[PDB]
Amino acid sequence: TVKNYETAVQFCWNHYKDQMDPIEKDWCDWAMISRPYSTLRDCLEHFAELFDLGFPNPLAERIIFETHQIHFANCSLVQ
Amino acid sequence: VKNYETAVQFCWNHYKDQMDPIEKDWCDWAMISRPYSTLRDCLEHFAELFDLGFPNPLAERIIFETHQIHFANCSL
Amino acid sequence: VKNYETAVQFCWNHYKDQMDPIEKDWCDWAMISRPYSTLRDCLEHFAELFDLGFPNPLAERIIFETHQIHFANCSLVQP
Ligand SMILES: [Ca+2]
Ligand SMILES: [Ca+2]
């Protein structure tokens, strides 16, 4: 039922992974992958405002660092 | 505070003074967000005051810094 | 620039063109803010041009790259 920020962040991440898991072959398609990533960021900020925490905030930024390490860090910058 | 670099140091020290006594709580994400927001507000207030963009490379180094010393070892 | 990825290379190449002649000043924070602000504005402009979110993963990889090659080892205050 989502009643604090930590569990909100889990909610956002879970929705994000549901998008990212089955499209591994396109993680470095920068234009395409910008959509689910936007939905992650925006979810993170939406729930930051809902719980009156600022944005960015440390948990949100750990989450953004985590996707960069697991999805994007070893992508080529030109396809 | 004669310039941006010394304003950034001023911001950074008001932040640490808030953070050092509450090491136990550095991974209480809700709580810790407050002093962190003050640091960002400070970094941005002084950026505009010295007519520099935000984010900017020095402000970003301060953000990496606090992630490295306060939040890196935290369970998510 | 036929797409976002090539837009991001134009931004990045223009940035390096301004940075390379001022290597002795990469740690002059107030000074080096100008070319960096232009880089961010360039990344955001083309982002909005191609109706992608900003920030986005590719743009963030460029940010990380300048932090790694330009600013990682600078003193936080000049002598
Ligand atoms: Ca805009
Ligand atoms: Ca779009």
Side-chain angles (χ1 to χ4, degrees), chain A residues 11-50 53-57 60-61 63-68 70-73 75-79, chain B residues 4 37 39-60 62-63, chain C residues 1 3-15 18 32-67:
Chain A
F11 174 81
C12 296
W13 182 247
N14 276 347
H15 172 80
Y16 185 63
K17 290 285 254 189
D18 280 356
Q19 285 180 274
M20 292 298 285
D21 284 354
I23 60 164
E24 193 162 350
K25 67 153 190 193
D26 291 316
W27 289 349
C28 311
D29 183 345
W30 295 118
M32 195 279 278
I33 217 68
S34 84
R35 282 186 206 105
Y37 175 85
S38 276
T39 66
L40 174 60
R41 274 206 157 243
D42 287 352
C43 188
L44 293 175
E45 188 162 10
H46 169 76
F47 283 110
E49 276 197 35
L50 175 55
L53 314 183
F55 190 83
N57 59 74
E61 295 174 321
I63 291 301
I64 297 304
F65 297 143
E66 185 77 13
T67 177
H68 265 277
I70 74 196
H71 295 124
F72 305 129
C75 293
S76 168
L77 301 197
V78 191
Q79 178 190 343
Chain B
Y4 190 56
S37 289
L39 168 66
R40 283 192 155 259
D41 289 354
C42 191
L43 295 174
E44 186 174 8
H45 170 79
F46 285 104
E48 297 177 347
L49 201 94
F50 289 109
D51 282 326
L52 297 182
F54 189 85
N56 63 70
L58 184 54
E60 281 167 342
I62 294 309
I63 303 311
Chain C
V1 181
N3 64 32
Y4 189 54
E5 296 178 21
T6 50
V8 165
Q9 287 303 294
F10 165 93
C11 294
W12 176 248
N13 289 334
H14 173 74
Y15 180 63
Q18 292 185 284
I32 221 65
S33 282
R34 313 156 215 284
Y36 180 80
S37 284
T38 297
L39 175 60
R40 278 184 160 270
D41 289 355
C42 191
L43 296 163
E44 176 165 1
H45 175 76
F46 289 105
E48 285 165 356
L49 200 56
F50 291 99
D51 294 343
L52 307 176
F54 190 85
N56 60 69
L58 177 53
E60 286 171 336
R61 293 321 298 182
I62 295 293
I63 298 324
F64 298 145
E65 185 81 5
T66 184
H67 277 285

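Numbered from 1 within each chain, the chains take letters A, B, ... in sequence-line order. Every heavy atom of this structure was used, including side-chain atoms; hydrogens, water molecules and symmetry mates were not. Start at 1 and go down the list; that is how both ligands and their atoms are numbered.
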Inset, instruction - Starting from the Ca ion (ligand 1), look over the N/O/S atoms of C:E48 and name the nearest one. - result: OE2

Inset, instruction - Quick one: report the N, O or S atom of C:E44 that is nearest to the Ca ion (ligand 1). - result: OE2

Inset, instruction - For B:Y4 and B:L43, indicate whether the former's side chain and the latter's backbone hold a donor-acceptor pair under 3.5 Å. - result: yes

Legend entry - Under 3.5 Å: donor-acceptor pair, side chain of C:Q9, backbone of A:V78: no

Legend entry - C:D51: its N/O/S atom lying closest to the Ca ion (ligand 2) (atom name): O

Inset, instruction - Verify the ring-centre separation between C:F64 and A:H68: is it less than 6.0 angstrom? - result: yes

Legend entry - Parallel, tilted or perpendicular, as decided by the 30° and 60° cut-offs, for the rings of B:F50 and B:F46: parallel

